[PDB]
Structures are given as structure tokens and as C-alpha cells.
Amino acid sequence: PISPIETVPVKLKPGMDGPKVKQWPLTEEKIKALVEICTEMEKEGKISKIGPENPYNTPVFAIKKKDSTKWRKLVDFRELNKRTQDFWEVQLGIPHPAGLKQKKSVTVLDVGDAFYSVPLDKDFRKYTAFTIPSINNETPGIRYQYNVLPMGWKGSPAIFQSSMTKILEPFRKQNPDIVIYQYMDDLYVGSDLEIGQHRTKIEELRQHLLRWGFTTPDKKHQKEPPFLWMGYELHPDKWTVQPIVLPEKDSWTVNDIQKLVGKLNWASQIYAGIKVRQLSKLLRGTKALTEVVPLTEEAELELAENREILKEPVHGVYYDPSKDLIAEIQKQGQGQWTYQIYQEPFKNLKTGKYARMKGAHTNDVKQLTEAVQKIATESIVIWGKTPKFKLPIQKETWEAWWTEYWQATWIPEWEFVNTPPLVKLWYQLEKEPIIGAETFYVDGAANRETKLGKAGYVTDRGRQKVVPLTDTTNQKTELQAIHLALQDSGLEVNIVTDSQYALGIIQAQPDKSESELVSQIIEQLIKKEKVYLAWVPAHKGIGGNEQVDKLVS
């Protein structure tokens, strides 16, 4: 039935009128599907006949539903959505089963005909005008407008959600020791009451919904474990994901690989150790979704590893709020991190991964800090607090980073855990110049308009070099000049540059880069024993810098 809740007033955007779009052809099974729904929707007051006085229109269709032998009616409101006012969406996130507590008694209910049980603002109805075709031969169609929320209108999800919240609010206040997870039209209801009182509360909640016009079909009233909920399976003491089927293919397209990565990301919330770096590398620089992409050797290996992980059965546990949350992180290589969140050892609440590259140039310590930040945010969302961390980095390593790095940085209460590979700084610049080490004065210049440039150095030991460069930039030649000094120096070197750009990158102790040049410099820094790096201003006649600047021209 239609709720007697007050309608939500809605507006077109200012200046705009309503849509005016012709209808298209559908099959005979997709006209009987709708006419069955359409003269029956009219019987229940969901729609009303209109005629030519209303000048608006929008086309209509139907698609099959996972429930077999039921159809879903849909109108293509793309034009109307454009001219309809914005909404503030109240669905802020997706509930997660690792955020649930154990409950003695559990029920899962669906509200039936959810959108069609909520009425639509009187003055807006006429903008929802459509037409029902009937095979497209010998009849043009008859016109209806919606009296309730249409599926396919931009406002329908939010106005339904907000309506459901208002209807549930009396019941939640009345029963504060009953948790109700409300996702769209799906209701999880947990309690610590014996199943007797619990089912009393349930049908009492069902009757409250029914006076407000919301049926709860028995078909979708789950009463026994395992409950099917939000893509998971709720057991009394544990939860699982519903089975994940990966594509298996002789030949792969971009679009297949896109599907594969998405499945693995979804799996990674409970399957520890999933990796997608090498499969996603295949997506780079491609240019059609139907382009065949041959898997690299590294992608096959990564795919096979993920497949082994997926064959093993896994489960999460539920949240015990009387125990700490603990987050443990491991390093996987090539900027990939996996993590587990638990309270008792070897009993995961969930897992995950962090593998974004932020910045052209970074190091493992920064990326570890980002993973920590992503886990901290996810823990606030799911459990409302941050966890204690277990990290594969020594206290000394961290302490040397936050003293030598010029940006404020932090990570919460953490305990070192020895699970190699450990996160470490790969080199450290000397705070002071090195006695007995050679002093290189470096410089590189490029011609803005030519592409041509030079990198070079002079030395307190009389060494000097200039190399020609083609197809380069100002910043590149400066990086190149440092590259050569490192290439030709011993295990210990003092370097003076006039590029604050180059100093900026290297002072941040990067261990990886999207630049091959910066990568080459990093490998040289890692092989050295000591390096002091100094800056001076250019073109002020400073001894050393002046002579090499002299020489690069």
C-alpha cells in the first residue's frame, strides 16, 4: 500500500522545464510484463492516466530480476534527472559485517514494493509522464504519471531512505537494545532476547511498518542462519563472503582484466594477501575495452597466486567491543601492502590492501604511513575507534625518519613485529660534509626552445666532465648532473648543486619513482656509503658552482 507519510517537496532546477522525449520499442514479453504491472499499478493508485494537456514525456522499459518469474519496471529518466534539483544523499557508507556484535537472536527482513509504497510530491508528478507502447504496431500508447517514487528517478533512493528513517525512529527509541541495520529496504535486526521475546518484537516491528504502508513478504523474511546480507553470510560465530567466481579465459580483453581486478579487490576484504599490481599494469596505455591484452609472465604469476589464496576457505569473526582492535601490516613489494584487523590472534575481523602510488617520488616509510592512515579511517567508519598497530618497522627507523624529514608526520601507538621484509630507509644523507671525500660541483642547463642541454661537474681534485643532452628539460639536466657526480665518485662524496628542485626530491629520501632518471639516482644513492648534498644560489660567482656553470656553456 501507499504510506500516509507526508511527501517530500521537490523542485526542478531554476530556469528548467520538464522532459519531452519519445518512447522506443520493446519485446512482447516486455509489454505484458509492464501492462500487468501498469493497469495493476493503476489499480493500487501508484500511477494515473494522463492525456495531451500534460506536454511532458519520458520512455519506459523492463529488465529481468534475479528472483525468477518477477520483472522490474524502469523509466529512462536521464533527461528529468538532469533538470531535477540536487539532493544531499544520506547513505554515507556501506555497513560491514565485521562491525556487527554477536547477537543471541537475529532476523533479516526486506520491505516489499519499497519505492512504490512512498508517495511523490503532488506538484512534481506531472514531470514523470510516460507512455506504454504495446509492440509498437496499431497503437501509439497511453500516458500515465507516477504518484509514487519511480525507479530511475534521481530523487527516489534518498526520499525512500529518509522516509524509512522517520518510520523506524519511533520503534528504535522504544527498543534501544535492538540493533536495526537499515540499508535501503533491507533490515537486519539483532537482539539479546530469547527467541520467544525476539519474535514478539519482530512482528511488532512488522506491524508498525504495515500501518505505515510497508509490507514485509515472508519470502524474504529470514529467520535461521545462515542469513544472506549485503553480499555476505552470517553464521552465529562467523561470517563469509558469498562465493567469488573469477573469469577464466584463453584470450583476455581490457574489459575482462578490469572485471578480474574488481573481483580481487572485493575478495581482499577477507582473503589475506591478494595482489593486483601486475594485472592492473596491463590496463595502462590501452585504448579500447575490446582490445586483446596478452598477460605478461608477472601477471600470470600474480593471477595464479591469487587463485591459490581463493581456493582456501576463509571467514571473518564479529566485533567484541570489550577487547582492543589490532591492525597488522605486511609489505608485499612494488608499493603493495596487505593488512589484517583482529582482536584475538588468527581470528580476523577483516583484511584489506593498500597499493596506491601517491606522488611521482616516494619511499616505503611514506607509503607505510598512508596504509596506516587508510586503516585508521576504515576503523573509525566500521568500529568508531582506531586500532593498536603492529608494524614491520623498527623504532629506530621511524625515529630517524621523523627527525630528518621536514614535514610533520606521525603514527599512533604501534609495536614492532618482525615479519620481513621490514620497512627501512635505504640511505641517509649526512648532516655534515665528509672529511677526505671529494667535492663535486654540479650543474646542468637546457635550452627552453631547443630541447638541447648539458650536464657536468668540476671537482676539488681537478676532475671535470660535460655531457651533451638531447630532448631534455631544465630540471632533467640538473638531475642528470647529480647522476654523473654519483656515477664517477667513490663510496663517499660531497655534492653542491644550485637546483632546489633536485635537492627537494633527494632530501626526501625517495626509494622509488615514476621517473627512470630519478630511479637511477636512487640506486646510486643506495650503493654509496656517505653522501653530503649542499645547495648554493646560482649565478652569484660562488667558488666551484661558478666554474662548472662556466663550463656547461
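Residues carry their position along the shown sequence, with the first being 1.
Averaged over their C-alpha atoms, the temperature factors of 231-239 and 456-464 are higher for 456-464. When the mean C-alpha temperature factors of 209-217 and 368-376 are read from the deposited coordinates, 209-217 comes out higher. Taking only the listed residues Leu100, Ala288, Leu479, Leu303, the entry reports the highest CA temperature factor at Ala288.
Note on the listed residues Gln182, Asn136, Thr253, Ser162: the highest Cα temperature factor in the record is that of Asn136. When all modelled residues of the chain are sorted by CA temperature factor, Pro294 is found within the middle third. Per-chain ranking of the deposited C-alpha B factor places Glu523 in the middle third. In the PDB entry, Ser499 places in the highest third of its chain by CA B-factor. Per-chain ranking of the deposited C-alpha B factor places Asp511 in the lowest third. Per the PDB record, residue ranking by Cα B-factor puts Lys385 in the lowest third of the chain.
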